[PDB]
Every structure is written in structure tokens, then in C-alpha cells.
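Numbering starts at 1 and runs along the sequence shown. Below, each value reflects all heavy atoms present in this structure, side chains not excepted, and no hydrogens, waters or symmetry copies. Whatever order the structure lists them in is the order used to number ligands and atoms, beginning at 1.
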Amino acid sequence: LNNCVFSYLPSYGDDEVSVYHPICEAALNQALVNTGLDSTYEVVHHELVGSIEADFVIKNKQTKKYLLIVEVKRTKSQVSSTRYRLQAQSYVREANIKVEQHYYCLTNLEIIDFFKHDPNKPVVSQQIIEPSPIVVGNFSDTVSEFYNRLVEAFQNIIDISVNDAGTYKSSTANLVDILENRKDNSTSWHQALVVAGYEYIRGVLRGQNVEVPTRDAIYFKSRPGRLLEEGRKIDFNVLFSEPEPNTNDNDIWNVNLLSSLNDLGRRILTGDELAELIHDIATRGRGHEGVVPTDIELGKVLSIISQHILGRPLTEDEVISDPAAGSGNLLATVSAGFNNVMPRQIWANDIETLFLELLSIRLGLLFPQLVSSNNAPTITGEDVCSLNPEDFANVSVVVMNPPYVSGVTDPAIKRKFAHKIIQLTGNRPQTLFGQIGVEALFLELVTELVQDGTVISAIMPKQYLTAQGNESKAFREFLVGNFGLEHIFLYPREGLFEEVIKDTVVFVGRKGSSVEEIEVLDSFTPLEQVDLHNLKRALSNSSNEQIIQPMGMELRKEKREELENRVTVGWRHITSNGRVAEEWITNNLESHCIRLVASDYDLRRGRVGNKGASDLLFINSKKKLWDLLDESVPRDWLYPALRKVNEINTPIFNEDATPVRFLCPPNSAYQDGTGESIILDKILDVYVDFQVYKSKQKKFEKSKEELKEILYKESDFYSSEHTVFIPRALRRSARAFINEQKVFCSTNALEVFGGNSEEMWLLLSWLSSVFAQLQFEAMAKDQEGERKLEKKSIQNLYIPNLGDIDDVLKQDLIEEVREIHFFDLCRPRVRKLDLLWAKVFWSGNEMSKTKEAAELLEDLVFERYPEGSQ
Ligand SMILES: Nc1ncnc2c1ncn2[C@@H]1O[C@H](CSCC[C@H](N)C(=O)O)[C@@H](O)[C@H]1O
Ligand SMILES: [Mn+2]
């Protein structure tokens, strides 16, 4: 009977996992029972698929293959969004051979969109399957009717998937086609959007009991000028402008397509569907791109933060602006969070004129009860460098996801922004130093353009927080200057093939202010899990003394003086990433480990080559000397050596690991009469002559007698079998190695010794894991550039209790070392070695705790050394 156990339907602001997921899960299960497919298929919540986690999969019990992937979102605008449709599609691409059928689904429960991934036709809107979009209802509906309809829709979708009976929606496809062919013709592009938009707008508005002109577009086919006038009576001036459609248009006067668009409007009741569809096609000369991909969850949080920095109500004359509006998603989301805004207070601008219509459509239908011929958003298609302070006079809040170009700045773009800033301020840009990015110039230009007190919220690459180039230094100077930084928001973002990523940040300023303490807001939780009601109240209750933390987040305060004085070095000190990692290590690793210093092992800095004559000790390190000497040195006098920690690149430190050699003559080479002493005399002779050759005065004083003694001494600093070596300085590779035979090590590495073969290989296996590396990055929480750790800090590393690993596993752990290289710290990946080690610490859950360490490591490394991720 579909008996519902739920008392309420969600609110858009409810935590997705806590509130939406149980409803969706109960419905999927019921759908399997109703059709009797529960004998064959199971519902799995949070299914790990490669490096990502799916909200729901319908999974075959016997084969473990995927019938259907279901991704849940909170809002209708999210379901319409190409970004989130690509995220859902990604699960099918990541599952590949584990797939039964290529069907996937995106839903906020109110609306279900149903798709079939086809690798030979990857464009999302080409993949919508009939009868999407399925309108289940609205969250203000009676729960039981709504729940029943949810169950029936899932039943339909499951039946179609299991039989591979899906059919691609043709109208969507026909409209995509029409627009793709008009992309390079602004006249016909616009003409198509006039007709299509008229029909879609009328559907959205009629479904919401808003009065619309009663005649359908096709009625005006012979008099299209009338279509323009009929549209203007609703609003959307920039859409309902010239040029008129042509009567002779071979594509747009199609009853089927036009009805379909009107119906689509009736179904969605939002401007989002059509706007996203247009944006996909228009944004094909990409880019067009900005700092982050579409993030509606972020936009919702930004809205709350903006209002809190504003610190007062927005009056009726005050405007909310996005000067590089793009798709309109961010402006639409942020605007919607201001109760009582009028359509006339929203201003969207973008240089790309192909976005004009879609911006009109999205933002005009945003407030469907209010939009009219006298009350509509302003939509402009101007380069920011053409705008003037007067254009921003009424602007009280700016939000932006500024243009970003992942590569090398176009100098003509650079110049165009710089001149405009010079013109406005009389001075060069505060940000234009080093290898400038357009995003910083854009932000600075907008800042100069607005009035004091204007709230400016900008999404920026996180590198700006922590990087040490002159461009990041100048940027932080800008932030605590004119920009009037008040708030820093740190959050995790979602990627196509990566669950969480901390590579972006939000900077919120109030122009011309100089607040004493700057807010730092850190979300430990993905933004979909943030209860928006809790956050609203946490920010506005946080008085002077008592700082109230929102759930899954920490709010802290930093003194401006501290950021001002730490502008060259960076603001890494403000992030919590190092603290949580220290906590994670303590709650998960410490009980089963001991500190290296407590253990039986000895620690010692590499001894070789500390007291000069490096070029002789490492006979083959210098090419010109070696071109001379190579024919003169017996191969068995050469021992594998470490000078620069860089030259090894493998866990096994032997002759095959490195070409670098140390010169160790045998004992008989030092006594007189033998042939060995002869061989050595020859060598030293040629060495002396080359030192002359290199000398400007053709002089070298030091005798063979002395060189003999140095070589004899340094020979005694060899490293015993099964030493494990720790580089003192690393950039990007997780480096640790072991030797099997006698080697020589420079001062550039730390030596660990004392154990036996097995104890030593196990320690190497540990050092090669994400867990040991995590600990290193934690000790280095206050560093930039290379990670430099000496005996002092490494003494304190936690190493696993020897008597805690089972003998089979010990054998698996050592073995695994034999089949790895050095993992990339900027992009760690969970692998057998880590999972193996995970068995020592956890029964629940190996994968998920190993996946956490990996993510924490990645985030810490991104702070210390960004460039490895670009
Ligand atoms: N020089 C310039 N002046 C004004 N706007 C610009 C610009 N260069 C790029 N832009 C715009 O900056 C935008 C990046 S932001 C991407 C917008 C995103 N869809 C959203 O909802 O926020 C692009 O749309 C691009 O057209
Ligand atoms: Mn979800």
C-alpha cells in the first residue's frame, strides 16, 4: 500500500543526508518490492565507485553489477544543472565494466530526471530519457500522496532500466540541434530564443497561476513583431527585443517543439531548465569558465554570509550585482536568499552576449509572482572594463565567480584591465605583480568601481591564502587594504572524479573597512549536509564574547594585525587542516603505535661528504671529471651512493636505483707495493690535473697523501645492510628507501637503523604509506614550499607496534613494498599497501578510514605545495 513512516517532507535547507536520503531510500526499496525485483536487486546507500561515492545504486545481488545510479540534490535548480548532471553521469563512467545498464538519475524528490549514458554521445542534454522530467510534486504537498507518487516514478524508472527500454527525449535534442547551428550567428540565435523563450516562460508562469498572454507563439508566425510586444507585456525586455523572428525560419515554427517547451515550463516552474540548456551550447568556445564549476550549495551559503557581513537590511533602492554572471546560477541563488527582494534590484552583467537571453529567462522567472513590465532584473552584456563607478552607484552587494584561465594569462587582457585601473585610481594595480591571474585583476577592478561599504564576495583559488609568489603576496595586501576583508570561508567542493576537494576559498570584504578581527569560517562537512537554518542562526547569535559554532563547522576570529604582518609568508596559520589531522592521528593511530624515539631504533644524519672534496668522493657526480676518470677506476671500487636525495626514485637503494657512485678503494690500495695502490695513484693523478685545468691560476696544492687520507676516512661512513633512509627535504614525492648492500649517504638524508631485515622492511612499508606521510605533513603544518623535517621532528613519528601485525600480513606488507614507486603527495590514491596497513588499525572500516587519511593528506599538501596539482 506504500505505507509511509515519514511525518514531514524536507525543506530545501535541510541536511541532505539526514533528511532527503531516508525518504529516497524507503521509496527505492518500496519500488523494488512493488515490482518483485527485490529478489534480484538491492538498494545500496553510499556505494563506493572507484574514487567516488554514489548516493544510491540499484545493484544486482548475484552479479554485483549496477542497474541504476541515483544522485540526490536538494533544489530543483540543482536537478536542472548541467554540472550536477555531469556529476551523476560520472558514476556510470567510473563504474564502466561494473555496469549492467547505463542508466542514471538526478533528483531532489520533487523532480526526477532520468538519463542513459552513451559514451559515443556524451553531451548531457542528448541523454535525457522519456518521460523526464518526472514531476513527483512539491514539498508543501500532503506527505502520503507525494510519497506514493515518488514510489510509482521510481517503479517506472526501474522497469525501463531493467528492460533497456529507454527512449531519448526528442524535443530537447531538436532544440539543442537548432541552437548548435546558430551559435555563430547572433541574429538567428536570438530569433530562436525569442520564440522558444516565449513558450517556456508562459508555461512556467501559467503553472504558477500568473496571468500570461493567451495566444501561443505559432499564432504570430505571420506577424512576429507581435510576439515581441506580447512578450514585453510579461517582461524580459532583453529577450523581447529586435531582431524579430522571421516568418520563413525553417526550424523554430514547429508546433511539436513549441508545445514541448511550454509543457517543460509547466513541469519545472523555474527558469533553470531552459537557461542551463542554452548555457551548455553557448559556453562551447570555453571558456567562458570561472574559478569554480557551478556550485549552487556554495551560492546558498554565500547568501547567508553576505547578509551577515552587510549587517543590516537591504533597502528597496539597493542592487545585488554579478558583473560576470555567466549562467546566472550564483546570482539567482544568492538573490533568492534575501527575503523581500524585488526583481528590479538584481543586475546581471556578462561580456558574453550569447548569455543575454538565458540570464533574462533565469532571473526573470526567479520571482514569478513579482516579475512584470515595471519590475524586472537588469541584464547587460558589457565588458567590465567599459563600466564606470556610476553604473555601480546603487550596488550594495556584489557576488562573483571571476573568470579564471588555467594556463598563461593573455597579455592583451592583462593590459586592458591594468589601464582601466590606472585610469580610475591614478595608480598601477595593487595585484599586478609576478605572474598575474585575470581573476585578481577582475576583483580589484570591481572593488575600485564600487562605493565604500559595498559587500564584495568573491570565490578565489585557495593558493592565494598560502602561496609565496609575489602575485599572492600582492593579493593578500589588496585584501587587507581597500578590499576591506571581513570574512574568509573555507569549504570542501565536489569534483567529477573526486568526492571532496579543498582548492577554492571565499573572500568577503566590505569596501573601505578595517575591522579589528576577521572571521574565519571552516566547514568540515560537505555543503549539502549543512542545515541552512542552523547556519543563519549561528552567525547572528555570535556576539562579542560568545562565539556559537554551527554544526559541522567552526567559526574562529583572527586579528587583522596578524594577517597584515604575515602577508609575504602567507595565511596557512588560519586553516584548521593541520589541527584536524593531528586529531585524526591521535584518535586512530596512536594506541597501536609507538614514537620512533621510544622504539629500539637509532637515528643519524648521513655522514658522507661533509668536510669537502665532494667531487672526489662522488667520483661520477660531475660529468667533465668523469669523462676523464671513468676508464681509470675499477668498477668494484664504485659503491652506490646518495648525494642529492632526488637521484633515487625507488624503494630499493642498490646499483640499479641510481648511476651515482662513491669511490671506496680497498684496504690494500693504501699499503705500498701492491697493484691496488698503483691503480689509485693513477686515479688521484688525473684528479689533480683536472683540478689544475679548472683552476684559473693552474694550481692545486693538496697532495695525494692527503686525498688518500680523506678517502680512507669517509670510507668508514658506509651504511650497513638494511638501513632505511629518510630525506630531510621533499617537494612532491613520498620518499623513503632501503639498501641491501653497502652504500654511502650524504648529509641530505636521515638514517634509521638497529632492527633486523624484517623489522626494517616493515618500517619502510610504513613510511611508504599514506599514514606515515600524513604524519609528516602534520608536523610540517606551518611550512611553505618543500617539506623540511630533521631528527628533532621525525623522532616523534608514530610507528606501528611490531607485536600487532599477524605473520601472514607482515609477509603481505613487505611483499607490497617490492611493487611500488614513490606516490605523488599532491594526488594520493588509496592502494593495496594502504589497505593492507589499514587491517592493523581498523575492523571498521578499512576503505573509508584509508580514504580519509588520503583526503586529509591531499588537503595538507595542497596548502604547502599547490603547483603539484596544476
Ligand atoms: N573580461 C570580462 N568582463 C566581464 N565578464 C567576463 C570577462 N571575462 C569573462 N567574463 C565572464 O566571466 C564568467 C565566469 S563565471 C562563470 C559563471 C557561472 N556559470 C555562474 O553561475 O556564476 C564567464 O561567463 C565569462 O563570460
Ligand atoms: Mn547528493
- Note on the structure: Atoms of ligand 1 under 4.0 Å from any heavy atom of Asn329, numbered from 1 in the order shown, are 21 (O)
- atom 12 (O) of ligand 1 sits nearest the protein heavy atom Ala324 CB, 3.2 Å
- Task: For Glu494 and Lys73, run salt bridge (charged side-chain N to carboxylate O under 4.0 Å, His left out): C-alpha distance rounded to whole Å, both residues' side-chain angles, the deciding distance at 0.1 Å, then the answer.
- Result: CA-CA 13 Å; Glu494 194 180 346; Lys73 292 291 152 192; 3.7 Å; yes
- Please write down residue, atom name and distance for the protein heavy atom closest to atom 17 (C) of ligand 1. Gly326 CA, 3.4 Å
- Message: Give the atom numbers and elements of ligand 1 that come within less than 4.0 Å of a heavy atom of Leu330.
- Response: 21 (O), 22 (O)
- Note on the structure: shortest atom 8 (N) of ligand 1-to-protein heavy-atom contact is with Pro403 CG, 3.8 Å
- Message: Please state which option from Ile351, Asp295, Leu298 has its nearest heavy atom closest to atom 10 (N) of ligand 1.
- Response: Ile351
- Note on the structure: Any heavy atom of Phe417 under 4.0 Å from ligand 1? The part involved is side chain
- Salt-bridge test for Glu357 and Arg182: reply yes if a basic N is under 4.0 Å from a carboxylate O, no otherwise. no
- Are a donor atom and an acceptor atom from the side chains of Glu297 and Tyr491 found within less than 3.5 Å of each other? no
- Query: Once the angle between the rings of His21 and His45 is folded into 0 to 90°, is it parallel (under 30°), tilted (30 to 60°) or perpendicular (over 60°)?
  - Reply: perpendicular
- Message: Is the shortest side-chain heavy-atom distance between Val405 and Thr409 below 4.5 Å?
- Response: no
- Task: Give the numbers and elements of all ligand 1 atoms closer than 4.0 Å to a heavy atom of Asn401.
- Result: 14 (C), 15 (S)
- Answer yes or no for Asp383: is there a heavy-atom contact with ligand 1 below 4.0 Å? yes
- Message: List ligand 1 atoms under 4.0 Å from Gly290, heavy atoms only on the residue side.
- Response: 14 (C)
- Heavy-atom contacts with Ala325 under 4.0 Å: which atoms of ligand 1 show up? List them by number with element. 17 (C), 20 (C), 21 (O), 22 (O)
- Task: For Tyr404 and ligand 1, answer yes if some heavy atom of the residue is under 4.0 Å from a ligand atom, otherwise no.
- Result: no
- Among all protein non-hydrogen atoms, which one is nearest to atom 19 (N) of ligand 1, and what is the separation to 0.1 Å? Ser327 OG, 2.7 Å
- Residue part near ligand 1, for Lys416, under 4.0 Å between non-hydrogen atoms: side chain
- Item | Residue from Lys300, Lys76, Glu110 passing side-chain hydrogen bond (donor to acceptor under 3.5 Å, both in side chains) with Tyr12 | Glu110
- Item | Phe483-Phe475 aromatic ring centre distance below 6.0 Å | no
- Item | Shortest protein heavy-atom distance from atom 26 (O) of ligand 1, along with the residue and atom involved | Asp350 OD1, 2.7 Å
- Message: So, applying side-chain contact (heavy atoms from CB on, under 4.5 Å) with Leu68, which one of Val92, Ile157, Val57 is it?
- Response: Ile157
- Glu352 to ligand 1: N or O pair under 3.5 Å? no
- Message: Tell me which pairs pass salt bridge (charged side-chain N to carboxylate O under 4.0 Å, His left out) where either residue lies in residues 272-281, with sequence neighbours left out.
- Response: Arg85-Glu273, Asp272-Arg362, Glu276-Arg362
- Closer than 2.8 Å to the Mn ion (ligand 2) - protein N, O or S atoms, ordered by chain and residue number: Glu16 OE2, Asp55 OD2, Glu71 OE2, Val72 O
- Task: Ignoring hydrogens and angles, state whether a donor on the side chain of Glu448 or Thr425 is under 3.5 Å from an acceptor on the partner side chain.
- Result: no
- Please work out whether the ring planes of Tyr104 and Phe115 are parallel, tilted or perpendicular, with thresholds of 30° and 60°. parallel
- Going by atom types only, do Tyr464 and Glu439 share a side-chain donor-acceptor pair under 3.5 Å? yes
- Query: Counting only heavy atoms not in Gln423, do more than 12 sit closer than 6.0 Å to its CD atom?
  - Reply: yes
- For the residue pair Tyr103 and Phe114, categorise the inter-ring angle as parallel (less than 30°), tilted (30 to 60°) or perpendicular (more than 60°). parallel
- Per-atom contacts of ligand 1 with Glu289, taking only distances under 4.0 Å to non-hydrogen atoms: 14 (C)
